[PDB]
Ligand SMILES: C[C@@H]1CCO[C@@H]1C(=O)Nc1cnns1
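Below, in structure tokens: the form deposited without this ligand, a single chain.
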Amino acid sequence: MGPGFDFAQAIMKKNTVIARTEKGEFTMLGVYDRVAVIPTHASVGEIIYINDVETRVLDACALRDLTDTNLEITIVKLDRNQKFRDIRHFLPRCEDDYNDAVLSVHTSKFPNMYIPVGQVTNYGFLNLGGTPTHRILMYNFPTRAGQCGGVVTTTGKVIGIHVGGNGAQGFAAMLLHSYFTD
């Protein structure tokens, strides 16, 4: 309906797939080549399903910062026969706050779902299901089950992936350009 949903849609239509692990279905964001991200609580193994295709996991890394604290991002390299459109130029380089964010989800249940979550705060520390976690973004939408992996964008930037909620707020792990240098 506006430039926010326009950018969100462009990212969803080319750079997402439906990942399925032993812990169910997830919005998975493809970043470049065969490299994608998913919440660490997805518990990626040796094998994953991508758009309902048995796919070997060539590598999987659950990111932590240099304080040895969880970031709740798992970077996955997929044994896929096709490369993602490279979107690393849409990743912010620094931790920051944002206005007018959209949280975008695509599953079998929730296809083509776009939520205007509004103002985003650099929240920082969060105790996420008992795990100390850093670089958390917070927004004031009562998000729900099946929205995890959801992509958070602003007009111009892909800023994080949805990793949880407390019924009043939602929380995203930051995506930083430095995570995907090669």
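Position 1 is the first residue in the sequence shown; the rest follow in order.
Of the two segments examined, 16-24 and 169-177, it is 16-24 that shows the higher average Cα temperature factor in the deposited entry. Looking at 78-86 and 92-100 together, the entry lists the larger mean B-factor for 92-100, computed on C-alpha atoms. In this entry, the residue among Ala62, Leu137, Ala36, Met113 with the greatest C-alpha B factor is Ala62. Sort the chain's modelled residues by C-alpha temperature factor and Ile47 lands in the middle third, per the entry.
Per-chain ranking of the deposited C-alpha B factor places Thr155 in the highest third. Residue-level temperature factors show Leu66 in the highest third of its chain, judged at the C-alpha atom.
In this PDB entry, the Cα temperature factor of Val120 sits in the middle third of its chain's modelled residues. When all modelled residues of the chain are sorted by CA temperature factor, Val53 is found within the highest third.
Only in words, not in the display: the form solved in complex with this ligand, which the text now covers.
This chain is displayed alone, yet in the entry with it bound one of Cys148, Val120, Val152, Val44 has a heavy atom within 4.5 Å of this ligand; that residue is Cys148. Using a 4.5 angstroms limit between non-hydrogen atoms, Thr27 is distant from this ligand in the entry with it bound.
For the stretch 142-163, the set of residues having any non-hydrogen atom within 4.5 angstroms of this ligand in the entry with it bound comprises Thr143, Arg144, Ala145, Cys148, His162, in sequence order.
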